[PDB]
There are 2 protein chains.
Amino acid sequence: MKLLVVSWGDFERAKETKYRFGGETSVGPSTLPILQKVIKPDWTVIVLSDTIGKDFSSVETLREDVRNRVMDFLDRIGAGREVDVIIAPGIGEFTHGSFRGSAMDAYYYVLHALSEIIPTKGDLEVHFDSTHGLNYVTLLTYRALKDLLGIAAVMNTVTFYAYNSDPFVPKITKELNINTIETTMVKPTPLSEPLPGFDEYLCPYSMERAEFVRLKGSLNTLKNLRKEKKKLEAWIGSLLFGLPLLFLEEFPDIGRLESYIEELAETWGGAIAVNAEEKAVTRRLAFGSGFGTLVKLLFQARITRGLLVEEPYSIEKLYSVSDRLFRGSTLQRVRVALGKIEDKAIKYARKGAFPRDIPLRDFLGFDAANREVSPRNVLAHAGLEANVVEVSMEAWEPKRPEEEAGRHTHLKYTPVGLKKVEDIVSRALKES
Amino acid sequence: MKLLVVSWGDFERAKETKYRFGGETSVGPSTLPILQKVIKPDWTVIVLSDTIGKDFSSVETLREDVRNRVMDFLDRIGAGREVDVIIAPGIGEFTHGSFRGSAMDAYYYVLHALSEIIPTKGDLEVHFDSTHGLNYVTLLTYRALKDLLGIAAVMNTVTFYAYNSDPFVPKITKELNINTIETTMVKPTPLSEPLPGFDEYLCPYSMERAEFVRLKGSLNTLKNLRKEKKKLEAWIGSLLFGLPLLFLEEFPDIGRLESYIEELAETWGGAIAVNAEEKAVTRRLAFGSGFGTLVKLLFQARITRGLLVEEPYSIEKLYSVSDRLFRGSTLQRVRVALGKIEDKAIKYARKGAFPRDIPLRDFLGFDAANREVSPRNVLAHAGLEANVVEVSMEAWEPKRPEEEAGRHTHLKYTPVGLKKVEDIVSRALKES
RNA sequence: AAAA
RNA sequence: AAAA
């Protein structure tokens with residue numbers, strides 16, 4: 001899949017020039033037609049600031065004005081309708097109207113929008129044009145794109161190309177080359193932050209205390225998050241630290257994560273004030289880092305949901321999941337931890353023993369004496385510490401016990417064991 | 001250390017305006033004075049494109065013209081002269097001049113310059129202003145700065161703030177807010193790139209192939225680097241995968257890395273052709289990703305050189321190096337590996353026995369079953385594999401042997417063991 | 001609890 | 001080349 005993302009400012013103010021790109025040439029006010037002709041992408045995203053809009057009767061009319069002006073300009077330059085348009089919240093005082101709010105709303109808004117567009121299945125070839133962009137929208141869009149692509153790179157091959165034309169200068173420019181400014185294979189970077197404090201999801205920009213306190217207390221989302229926070233941090237730590245059983249057992253509820261992000265986004269939306277008379281937009285609520293973390297968390301769950309299975313969870317599944325999630329010494333750590341349990345399983349099966357509901361301590365033949373659960377042992381043994389894991393082997397008639405034992409031996413956390421694992425992993429994440 | 005980095009284009013064409021920032025107010029053509037007043041940095045860096053240059057016979061004439069116009073503008077506005085100016089290789093055709101080369105040279109040049117300015121001891125508070133920047137020079141400078149700060153964060157606390165003013169509309173705007181667009185605690189990111197093939201240090205942009213193959217063959221750098229490559233990759237993998245003994249034994253020669261980077265940078269500099277009459281700059285050689293990797297590699301060595309000591313290496317020294325360098329399950333694996341060696345050493349010291357130069361396999365009491373060195377066992381056990389490591393206890397009179405064994409027990413790779421480990425770690429870095 |  |  002080939003994805004073209006372009007950063008635009010006041011696109012209607014661009015002068016007619018010509019562009020050079022992939023040994024093609026082109027005449028007009030935009031790079032987008034020659035980029036589409038050479039790169040031939042499956043999908044195009046246009047990112048710009050709402051600060052070009054002029055219809056101040058309401059928020060939906062402002063977006064409608066900006067969107068009509070993009071669609072009119074696409075027909076003019078001949079670029080086709082097969083496009084997504086991200087209308088980011090911009091800032092500044094202009095003659096045609098006034099736009100106020102946190103500038104970082106643009107990062108959170110674009111991140112949210114891109115998280116619903118970037119495919120969560122298959123390889124990605126991503127092309128980014130900064131040519132026409134505002135400094136601030138371009139930098140925040142670059143950053144949001146890189147953050148989600150780093151997460152998609154845990155499951156899939158992700159390549160990224162950046163473009164920028166030579167500087168335009170009126171009255172002297174004959175033609176602009178579209179330069180390559182980046183060519184990267186994106187490294188896998190799983191989410192590596194805890195969920196923050198409840199002061200950090202939605203922040204007052206210009207809303208008084210009575211309205212904010214009442215609004216913050218009205219949100220189901222912050223109530224339900226208080227309750228799941230430690231479970232979600234447990235899951236984040238499972239990709240970061242190499243804990244394949246914790247990855248499956250703490251796998252988040254995607255419907256639930258959707259409704260948290262929906263409720264925060266539409267509360268941010270409802271707090272935007274549009275004054276038709278003064279031609280002022282005030283974004284009275286600002287997004288905080290916690291909204292960004294939730295968006296990334298949902299995206300990471302969509303990227304990895306292919307690996308989630310129906311319990312019970314076998315050694316063979318834990319190998320299979322681990323091969324997709326983990327690399328380097330992390331992956332070898334997991335294979336050493338799983339291998340020790342698999343070896344004992346092969347020996348039991350060889351002698352027609354099939355233990356059920358047995359603590360991992362007993363299965364491995366450890367001392368009943370060492371039942372304290374340390375951070376050190378939970379983290380250094382892929383989360384499979386002998387005092388928190390229970391083992392069950394299915395009974396079968398073995399023929400090749402060395403190939404068969406692994407799929408027939410199931411592991412789960414004990415109820416008590418899970419809660420101690422959750423505490424250790426949550427705590428290790430927060431002291432990163 | 002507080003560090004201010006600024007991104008400038010045609011700084012002289014900016015209009016007088018009012019800036020708001022940190023409760024202060026400033027009237028001027030530049031953000032720089034109000035940024036310096038409010039942030040009070042220890043050091044300022046200005047990054048701009050050489051494509052502003054006017055009457056050039058030579059590279060030195062180009063750079064003098066540009067530097068002199070920056071110093072005129074600094075004096076004219078608030079700012080002082082405790083300033084580095086990075087004059088970056090830019091691109092495009094302008095009234096006064098024509099600049100041809102790889103646009104990505106700006107990234108490698110700014111990365112090289114910042115690697116010689118950003119301090120490599122102590123915490124970093126870094127401020128980045130993009131308001132006056134060219135789109136392409138701004139992204140490449142942001143990226144370069146983030147790449148180096150990620151390495152610095154392995155050893156020190158690094159915080160990063162980015163700023164961008166509201167958009168300027170000519171003749172209309174009056175006051176401009178300087179907005180915050182990023183606040184970040186920079187995550188530790190050790191270098192995760194292998195050194196590339198020998199075609200990726202310097203590439204012809206505009207050079208005859210006879211001239212290029214002759215230059216290549218004349219470079220001591222590429223000859224020496226052919227010999228050192230696997231060793232340098234072993235050391236990169238040691239921080240990445242958690243191998244504290246390999247980190248000490250393969251610690252690279254800083255004087256030689258300096259020499260390789262200066263030869264590549266000097267060669268790129270001399271391949272730059274200036275035609276006085278047609279006012280044309282051609283950078284005949286482009287920097288490749290391998291110049292980037294050598295710069296990051298020298299920086300990560302400077303950041304970590306305070307941890308290095310001479311042989312021998314105690315279990316106590318390896319705990320402390322691991323405590324500074326490693327986190328999560330990587331550190332807890334180091335501690336378990338080292339702890340098993342210490343435990344066994346206490347048992348020997350209790351019996352008054354002080355064995356020397358003994359294979360780790362024999363020291364731990366391993367049998368004969370396997371003597372092969374698997375990537376799995378090297379990477380999963382913090383590079384302390386049983387067949388490649390030799391243990392020496394240096395005899396003392398034990399009183400509290402459980403407190404004393406760590407000081408007096410030393411580990412070393414065997415000469416044959418070091419080679420296999422290098423091959424395994426080098427290959428792991430290249431696959432992942 | 002031979003690589004727990 | 002502060003809405004190429």
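We name chains A, B, ... by the order of the sequence lines, and we start the count at 1 in each one. The figures here come from the full heavy-atom set of this structure, side chains too, leaving out hydrogens, waters and symmetry mates.
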Exercise for the section: May I ask you to decide whether A/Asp65 forms a salt bridge with A/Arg69, counting only side-chain N to carboxylate O separations under 4.0 Å? Expected result: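 So A/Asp65 pairs with A/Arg69 through a salt bridge.
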
Problem - Positive for ring-ring contact (aromatic ring centres under 6.0 Å, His included) with A/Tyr163, one of A/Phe128, A/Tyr19, A/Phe21 - result: A/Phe21

Exercise for the section: For residues A/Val137 and A/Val47, report the shortest heavy-atom separation together with the two atoms involved. Expected result: CG1-CG1, 4.1 Å

Handout entry: Closest nucleotide among C/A3, C/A2, D/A2 to the B/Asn377 side chain
Key =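 So the side chain of B/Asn377 is nearest to C/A3.
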
Exercise for the section: Just compare C/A2, C/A3, D/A2 and give me whichever is closest to any side-chain atom of B/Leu176. Expected result: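 Of the candidates, D/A2 comes closest.
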
At 4.0 Å (heavy atoms only), tell me whether [X] reaches a base, stays on the sugar-phosphate, or touches nothing.
{"X": "A/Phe94", "value": "base"}
{"X": "B/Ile91", "value": "nothing"}
{"X": "B/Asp166", "value": "nothing"}
{"X": "B/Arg333", "value": "sugar-phosphate"}
{"X": "A/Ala380", "value": "nothing"}
{"X": "B/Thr51", "value": "base"}
{"X": "A/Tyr136", "value": "nothing"}
{"X": "B/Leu364", "value": "nothing"}
{"X": "A/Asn135", "value": "sugar-phosphate"}

Practice task
Please evaluate the base of D/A2 for a donor-acceptor partner in the side chain of B/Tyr19 within a cut-off of under 3.5 Å?
Solution key: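 Result: at least one qualifying N/O pair found.
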
Problem - Distance-only donor-acceptor test (3.5 Å): side chain B/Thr17, base D/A2 - result: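 Donor-acceptor pair under 3.5 Å: no.
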
Problem - N or O in side chain of A/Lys340 less than 4.0 angstrom from C/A2 OP1/OP2 - result: yes

Problem - Ring-on-base stacking D/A2 with B/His132 (under 5.5 Å, under 30°) - result: no

